[PDB]
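Trainee: Below is one structure. I have some questions about it.
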Amino acid sequence: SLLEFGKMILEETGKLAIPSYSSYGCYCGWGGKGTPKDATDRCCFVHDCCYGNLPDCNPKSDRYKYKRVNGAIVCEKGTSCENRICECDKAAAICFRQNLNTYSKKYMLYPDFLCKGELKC
Ligand SMILES: CC(C)NC[C@@H](O)COc1ccc(CC(N)=O)cc1
């Protein structure tokens, strides 16, 4: 759920999900339309797509358990949905960490009309 995802993000990047990754670019937060603005925005695009592969799961509210094995994020056994949701979140958290260097404040609160383009999962 958002609770685990938010904790994962903070632990990985030192940034709080809200407001750092909740209104960034075209896909971090709202999701919607267009072409991803940068690497961080692409991480959210892929994350949206990952959730998109789980039509009968409820990623925002279904809680999962995860632990740290000397740095590495390890998803613990739960229901199949919980396992898959955790893998999606884990990938996003790592992706955010991998692209922290290019994270740009100019993409925060990015306006909707500037999100144009075509990009299928
Ligand atoms: C706690 C606050 C007030 N509530 C807003 C809450 O809905 C969190 O906002 C969100 C919801 C969903 C997303 C996209 C994602 N992380 O997959 C990013 C940010």
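Going through the structure tokens in order, the chains are called A, B, and so on, while each chain numbers its residues from 1 and the ligands are numbered from 1 in the order shown.
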Return as JSON, numbers by chain the full set of residues in chain A whose backbone-based DSSP assignment is strand (DSSP E or B).
Mentor: {"A": [24, 28, 66, 67, 68, 69, 72, 73, 74, 75, 108]}
Trainee: Sorted by chain and rising residue number, which residues of chain A lie within 8 Å of ligand 1, and what are their closest atom pairs and distances in Å to one decimal, counting only C-alpha atoms and all ligand atoms, as a tab-separated table?
Mentor:
```
residue	atom	partner	partner_atom_place_in_ligand_line	distance
A:2	CA	ligand 1	16 (N)	6.4
A:5	CA	ligand 1	16 (N)	6.8
A:6	CA	ligand 1	16 (N)	7.5
A:17	CA	ligand 1	19 (C)	7.0
A:18	CA	ligand 1	19 (C)	6.6
A:21	CA	ligand 1	18 (C)	6.6
A:22	CA	ligand 1	19 (C)	4.2
A:23	CA	ligand 1	19 (C)	7.4
A:28	CA	ligand 1	14 (C)	6.0
A:29	CA	ligand 1	18 (C)	3.8
A:30	CA	ligand 1	14 (C)	6.6
A:31	CA	ligand 1	14 (C)	7.2
A:44	CA	ligand 1	17 (O)	7.3
A:47	CA	ligand 1	17 (O)	6.7
A:48	CA	ligand 1	17 (O)	6.4
A:51	CA	ligand 1	17 (O)	7.9
A:59	CA	ligand 1	17 (O)	7.9
A:60	CA	ligand 1	12 (C)	7.1
A:89	CA	ligand 1	17 (O)	7.9
```
Trainee: Find the spatial neighbours of residue 25 in chain A, counting only C-alpha atoms, within a cut-off of 9 Å - ignore same-chain residues fewer than 3 positions away - and output them as a list in words.
Mentor: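 That gives residues 21, 28, 29, 36, 37, 38, 40, 41, 106, 107, 108, 109, 110, 111, 112 and 115 of chain A.
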Trainee: Taking the DSSP secondary structure from the backbone, can you list the residues of chain A that are helix (DSSP H, G or I), as an MDAnalysis selection string?
Mentor: chainID A and resid 2:13 17:20 39:52 80:98 100:102 105:107 112:114
Trainee: When distances are computed from only C-alpha atoms, which of A:119, A:86, A:100, A:50 shows the smallest separation from residue 3 in chain A?
Mentor: A:86
